């Protein structure tokens, strides 16, 4: 498949192979464990079950972690993405079919209590005002905001589920894999651009965000326009009226461009943007080096499973 001559990557990925085939073994020990909350959360230490069987999950990166650990059948509910009535699909069927407990920005505490969780996982970067009320319902662990700190968030889920050694082995295995791919594809000698379309804007991502951190693990370089760290992305309007003003899209150019769509509404205008005079000026477009990628893998999942999906797409950096 393609959109306006840009080829689509990831169509052979099988979402139902995302989850580990069985639950990772807990660290040896007693039926409860001490786990640590993210910076700023009080109390620092939380007693959690070794084998939680009704987990409420409030951040997408934690859904990803639980899948990577094979714990998905223990999830009782998950907060829905803010802009969607649907759970993510890239993690497979069990996750996609999970019931909601409100949204990630506005969890429903009544619905959480009615799910009778034995463990709640959430993020200090998403609901910094909810910790005491969640902890009053069940053992609650908060990790940091999703994004560039995804490995430490996965470590936090590991401790929260008594799977410290399992997570350490996943992270070691990922680092070795990412380095192998980067070495094989000589990734340090290609600059990659990260672009996300919304319904009415183009976001150009810098060096401080989830996909940037995965590219850095592989060693893929970035164009000078994408080295900023003050915010995740810069944003340029792409409505029909905006495009008629001949905006300069050069910040999106590189040796290769990976472009995702944040929504179906964004996808419905992607071909327009890619066919526009500002986009056609880009060297990457002239050289047929623009690729459309899965937004859940690249942008909204933000855990190990998503990171593995990015690394697969990075095999194209040294392609003809």
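Positions refer to the first chain, counted from 1.
Participant: Please compare 78 to 86 with 196 to 204 and name the stretch with the higher mean C-alpha B-factor in the deposited structure.
Facilitator: Looking at the record's C-alpha B-factors, the answer is 78 to 86.
Participant: Decide which of the stretches 238 to 246 and 90 to 98 has the higher mean C-alpha B-factor, going by the entry.
Facilitator: Stretch with the higher mean C-alpha B-factor: 90 to 98.
Participant: Between 127, 153, 180, 191, which one tops the list for Cα B-factor in this entry?
Facilitator: The record points to 180.
Participant: From 287, 61, 51, 253, pick the one with the largest CA B-factor in the entry?
Facilitator: Among 287, 61, 51, 253, the PDB entry lists the largest C-alpha B-factor for 287.
Participant: Considering only modelled residues of the same chain, in which third does the CA B-factor of residue 184 rank: lowest, middle or highest?
Facilitator: According to the entry, residue 184 has a C-alpha B-factor in the chain's highest third.
Participant: C-alpha B factor of residue 55, ranked within the chain: lowest, middle or highest third?
Facilitator: For residue 55, the deposited C-alpha B-factor lands in the lowest third.
Participant: Ranking the modelled residues of this chain by C-alpha B-factor as given in the entry, is residue 109 in the lowest, middle or highest third?
Facilitator: Tercile = highest for this residue's CA B-factor.
Participant: According to the PDB entry, is the CA B factor of residue 35 in the bottom, middle or top third of its chain, that is, lowest, middle or highest?
Facilitator: Middle third.
Participant: Using only modelled residues of the chain, where does the Cα B factor of residue 139 rank: lowest third, middle third or highest third?
Facilitator: Its C-alpha B-factor, which the entry lists for residue 139, ranks in the lowest third among residues of this chain.
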